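Inspection log for the structure reproduced underneath, given as structure tokens.
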Ligand SMILES: Cc1cn([C@H]2C[C@H](OP(=O)(O)O)[C@@H](COP(=O)(O)O)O2)c(=O)[nH]c1=O
Ligand SMILES: [Ca+2]
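Residue numbers (my numbering): 4 to 132.
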């Protein structure tokens, strides 16, 4: 899999972000994770955490998996990196997201993320507290 450029347009919530990709605005939904909706517990913390990480980043990159690149809502599905660091991973590592929505064909970083959830759970962080 390959990292590709993108630039931030707007942080939306814990697991969606508006990016410019190939010069077009699109909403991205983070692969393999589920954050709490803003209305729910840790939702604002998730949103704040995604927001901070993407807005502070000099460099954003989009990494598509091997499967579907767009969902049924027209959202791009990807791994999103902020200065070389995966946002999908960081959210899980901090207990702000669960590993989730694991579909066959779009699951390359499954085990990497499941290692991060185990650590966050060990540590009883946020959702796991
Ligand atoms: C992460 C991801 C979500 N989805 C869809 C399934 C869910 O459908 P439903 O809307 O019918 O529940 C929805 C969950 O995303 P959200 O957590 O943003 O709502 O997005 C995919 O289709 N593929 C994916 O890889
Ligand atoms: Ca969600």
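Idealized CB from N, CA, C, for every residue including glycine.
query                                                                                                                                                                          : result
Would you kindly work out how many angstroms separate the C-alpha atoms of residue 130 and residue 98, rounded to a whole number?                                              : 5 Å
Can you give the Cα-Cα distance for residue 104 and residue 93, rounded to whole angstroms?                                                                                    : 17 Å
In chain order, what residues of the same chain have a beta carbon less than 8 Å from the beta carbon of residue 47, not counting five sequence neighbours either side?        : 41
Using the DSSP secondary-structure output, state which residues sit across from residue 45 in a beta bridge.                                                                   : Paired residues: none, contrary to the question.
In angstroms with no decimal places, state the Cα-to-Cα distance between residue 83 and residue 65.                                                                            : 5 Å
What's the C-alpha gap between residue 67 and residue 35?                                                                                                                      : 12 Å
Can you find a heavy atom of ligand 1 that lies under 7 Å from the Cβ of residue 111?                                                                                          : no
Can you list, in chain order, the residues of its chain with a C-beta nearer than 7 Å to that of residue 111? Leave out the 5 residues immediately preceding and following it. : 4, 68 and 69
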